[PDB]
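Here is the structure we will look at.
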Amino acid sequence: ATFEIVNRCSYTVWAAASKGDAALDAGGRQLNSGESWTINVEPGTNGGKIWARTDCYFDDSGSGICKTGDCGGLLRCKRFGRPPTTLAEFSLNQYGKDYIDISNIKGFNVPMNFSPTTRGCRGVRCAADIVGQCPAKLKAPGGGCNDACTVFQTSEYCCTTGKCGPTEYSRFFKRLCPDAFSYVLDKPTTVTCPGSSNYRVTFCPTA
Ligand code: NA
């Protein structure tokens with residue numbers, strides 16, 4: 001499958017793509033404002049994620065740091081990134097269908113639209129000013145709005161026992177972005193697309 005990743009933000013981001021134990025395609029790249037990066041993700045990939053990283057510094061070997069979404073200090077990510085990260089999540093060719101969502105379970109850093117470029121399903125978006133409105137206790141100094149599990153490390157926010165309810169903090173993310181997961185047991189906002197669809201992830205879609 002093809003994913004086109006587009007930076008419509010006015011600032012540079014460092015896109016990342018991983019399935020947790022491996023890079024997808026090159027795994028990461030700098031995107032200046034307006035740039036597009038096309039990657040190829042193998043059919044059958046389960047548990048892939050795409051995210052943006054902000055305020056990164058990398059040397060000539062591809063090592064460095066980012067203030068949001070850092071993946072072990074690498075430009076080309078082979079594992080998932082440090083919160084806060086708005087996440088585009090997908091599993092492809094699962095019994096004939098692809099499944100896509102946006103999640104705020106690991107917080108929010110950059111607004112996002114995740115849409116198919118082929119026909120048969122709709123896209124999803126979280127483009128509200130979550131960072132500007134972020135509750136004081138969730139605000140990350142490096143930028144972004146953390147989720148409550150990252151900040152407080154309780155069974156209730158992290159849903160560790162498999163039973164948890166919504167919280168004041170999850171309801172904040174849900175009020176601003178209804179179409180994104182706000183906590184682990186949120187009613188699913190996953191979209192079912194035909195198997196082998198192609199997609200576009202746009203950062204700052206309303207920029
Ligand atoms: Na998230």
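In the structure tokens, chains take letters A, B, ... by order of appearance, with residues numbered from 1 within each chain and ligands from 1 in the order shown.
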
*Give the alpha helix (DSSP H) residues of chain A, as assigned by DSSP on the backbone, as a PyMOL selection string.*
chain A and resi 130-133+148-152+155-158+168-176

_At a cut-off of 7 Å, using only C-alpha atoms, what residues contact residue A:12? Leave out same-chain residues fewer than 3 positions from it and give the result as an MDAnalysis selection string._
chainID A and resid 31:33

Store the residues of this selection in a file with C-alpha atoms, as a CSV table (one decimal), in the first residue's frame.
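The resulting out.csv:
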chain,number,residue,atom,x,y,z
A,31,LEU,CA,9.4,17.3,5.9
A,32,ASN,CA,9.6,21.0,5.4
A,33,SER,CA,6.4,23.0,5.1

*Which residues form the shell of 8 Å around ligand 1 when you count only C-alpha atoms and all ligand atoms, given as a list in words?*
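Within the 8 Å cut-off, the matching residues are residues 83, 84, 85, 86, 87, 102, 103, 104, 105, 106, 107, 108, 147 and 181 of chain A.
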
What would the file look like if the residues just selected were written as a PDB file, in the first residue's frame with N, CA, C and O atoms?
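Now in selection39.pdb:
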ATOM      1  N   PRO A  83       5.551   9.985  23.868  1.00  0.00           N
ATOM      2  CA  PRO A  83       4.451  10.945  23.908  1.00  0.00           C
ATOM      3  C   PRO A  83       4.949  12.336  24.249  1.00  0.00           C
ATOM      4  O   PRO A  83       5.990  12.481  24.909  1.00  0.00           O
ATOM      5  N   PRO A  84       4.226  13.388  23.876  1.00  0.00           N
ATOM      6  CA  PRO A  84       2.915  13.321  23.231  1.00  0.00           C
ATOM      7  C   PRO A  84       3.004  13.200  21.730  1.00  0.00           C
ATOM      8  O   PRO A  84       3.772  13.901  21.071  1.00  0.00           O
ATOM      9  N   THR A  85       2.193  12.318  21.164  1.00  0.00           N
ATOM     10  CA  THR A  85       2.148  12.106  19.725  1.00  0.00           C
ATOM     11  C   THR A  85       0.733  11.855  19.259  1.00  0.00           C
ATOM     12  O   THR A  85       0.161  10.806  19.618  1.00  0.00           O
ATOM     13  N   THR A  86       0.201  12.682  18.375  1.00  0.00           N
ATOM     14  CA  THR A  86      -1.034  12.306  17.688  1.00  0.00           C
ATOM     15  C   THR A  86      -0.707  11.123  16.774  1.00  0.00           C
ATOM     16  O   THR A  86       0.328  11.130  16.115  1.00  0.00           O
ATOM     17  N   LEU A  87      -1.535  10.063  16.741  1.00  0.00           N
ATOM     18  CA  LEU A  87      -1.187   8.850  16.005  1.00  0.00           C
ATOM     19  C   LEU A  87      -2.178   8.526  14.914  1.00  0.00           C
ATOM     20  O   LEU A  87      -3.393   8.458  15.164  1.00  0.00           O
ATOM     21  N   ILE A 102      -7.445   7.453  14.066  1.00  0.00           N
ATOM     22  CA  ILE A 102      -6.559   8.409  14.755  1.00  0.00           C
ATOM     23  C   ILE A 102      -6.750   8.234  16.255  1.00  0.00           C
ATOM     24  O   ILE A 102      -7.882   8.006  16.724  1.00  0.00           O
ATOM     25  N   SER A 103      -5.660   8.328  16.993  1.00  0.00           N
ATOM     26  CA  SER A 103      -5.692   8.161  18.428  1.00  0.00           C
ATOM     27  C   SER A 103      -4.970   9.291  19.136  1.00  0.00           C
ATOM     28  O   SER A 103      -3.891   9.711  18.713  1.00  0.00           O
ATOM     29  N   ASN A 104      -5.581   9.725  20.244  1.00  0.00           N
ATOM     30  CA  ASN A 104      -5.005  10.612  21.241  1.00  0.00           C
ATOM     31  C   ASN A 104      -4.669   9.896  22.545  1.00  0.00           C
ATOM     32  O   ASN A 104      -4.433  10.560  23.563  1.00  0.00           O
ATOM     33  N   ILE A 105      -4.596   8.563  22.512  1.00  0.00           N
ATOM     34  CA  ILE A 105      -4.309   7.806  23.740  1.00  0.00           C
ATOM     35  C   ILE A 105      -2.899   8.088  24.233  1.00  0.00           C
ATOM     36  O   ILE A 105      -2.643   7.986  25.452  1.00  0.00           O
ATOM     37  N   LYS A 106      -1.964   8.447  23.333  1.00  0.00           N
ATOM     38  CA  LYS A 106      -0.606   8.848  23.676  1.00  0.00           C
ATOM     39  C   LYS A 106      -0.433  10.355  23.528  1.00  0.00           C
ATOM     40  O   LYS A 106       0.677  10.838  23.295  1.00  0.00           O
ATOM     41  N   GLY A 107      -1.521  11.114  23.724  1.00  0.00           N
ATOM     42  CA  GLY A 107      -1.475  12.567  23.691  1.00  0.00           C
ATOM     43  C   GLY A 107      -1.554  13.114  22.275  1.00  0.00           C
ATOM     44  O   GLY A 107      -1.835  12.414  21.309  1.00  0.00           O
ATOM     45  N   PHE A 108      -1.281  14.398  22.162  1.00  0.00           N
ATOM     46  CA  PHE A 108      -1.436  15.148  20.911  1.00  0.00           C
ATOM     47  C   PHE A 108      -0.289  16.118  20.782  1.00  0.00           C
ATOM     48  O   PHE A 108       0.091  16.805  21.720  1.00  0.00           O
ATOM     49  N   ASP A 147      -1.305  12.677  27.316  1.00  0.00           N
ATOM     50  CA  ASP A 147      -2.428  11.958  27.917  1.00  0.00           C
ATOM     51  C   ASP A 147      -2.182  11.721  29.417  1.00  0.00           C
ATOM     52  O   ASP A 147      -1.064  11.804  29.932  1.00  0.00           O
ATOM     53  N   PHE A 181      -9.653   8.220  19.203  1.00  0.00           N
ATOM     54  CA  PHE A 181      -9.669   7.529  20.493  1.00  0.00           C
ATOM     55  C   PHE A 181      -9.134   8.447  21.573  1.00  0.00           C
ATOM     56  O   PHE A 181      -8.069   9.048  21.435  1.00  0.00           O
TER      57      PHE A 181
END

_DSSP strand (DSSP E) residues within stretch 75-207 of chain A, listed as a ChimeraX atom specification_ = /A:87-94,97-103,112-116,124-126,191-194,199-203

_Need to verify the contact set: residue A:199, 6 Å, only C-alpha atoms, exclusion of same-chain residues closer than 5 positions in sequence. Can you return it as number ranges by chain?_
A: 3, 115-117

_With only C-alpha atoms as the counted atoms, please give the residues lying no more than 10 Å from residue A:142, apart from itself and same-chain residues fewer than 2 positions off, as a PyMOL selection string._
chain A and resi 54-55+66-68+84+109+139-140+144-145

Suppose we keep N, CA, C and O atoms; can you now write the selection as a compact mmCIF listing (two decimals), in the first residue's frame?
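In the end it all went to selection-v3.txt:
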# COMPACT_ATOMS: atom_id res chain seq x y z
N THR A 54 8.49 16.96 16.41
CA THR A 54 8.77 18.38 16.34
C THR A 54 10.09 18.69 17.03
O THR A 54 10.53 18.02 17.96
N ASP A 55 10.69 19.79 16.57
CA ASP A 55 11.89 20.38 17.17
C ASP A 55 13.00 19.34 17.33
O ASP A 55 13.49 19.07 18.43
N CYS A 66 14.41 14.77 19.49
CA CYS A 66 13.24 15.58 19.16
C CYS A 66 12.48 15.87 20.46
O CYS A 66 12.50 15.08 21.40
N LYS A 67 11.77 17.02 20.48
CA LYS A 67 11.00 17.37 21.68
C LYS A 67 9.67 16.65 21.80
O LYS A 67 9.18 16.52 22.93
N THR A 68 9.06 16.22 20.71
CA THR A 68 7.91 15.34 20.76
C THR A 68 8.18 14.18 19.82
O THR A 68 8.75 14.34 18.74
N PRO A 84 4.23 13.39 23.88
CA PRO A 84 2.91 13.32 23.23
C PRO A 84 3.00 13.20 21.73
O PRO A 84 3.77 13.90 21.07
N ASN A 109 0.28 16.15 19.57
CA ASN A 109 1.31 17.17 19.28
C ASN A 109 0.97 18.01 18.05
O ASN A 109 1.10 19.22 18.12
N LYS A 139 0.02 19.69 30.10
CA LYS A 139 0.86 20.40 29.14
C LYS A 139 2.30 19.92 29.23
O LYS A 139 2.90 19.91 30.31
N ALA A 140 2.89 19.56 28.07
CA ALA A 140 4.27 19.11 28.02
C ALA A 140 5.18 20.31 27.74
O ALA A 140 4.91 21.08 26.81
N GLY A 144 3.19 20.17 23.17
CA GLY A 144 2.21 19.11 23.08
C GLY A 144 1.37 19.02 24.35
O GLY A 144 1.56 19.74 25.32
N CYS A 145 0.44 18.09 24.29
CA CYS A 145 -0.53 17.87 25.38
C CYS A 145 -0.52 16.39 25.66
O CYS A 145 -0.92 15.56 24.83

*Write out as a VMD selection string the residues lying within 8 Å of residue A:38, counting only C-alpha atoms and excluding same-chain residues fewer than 3 positions away.*
chain A and resid 2 to 5
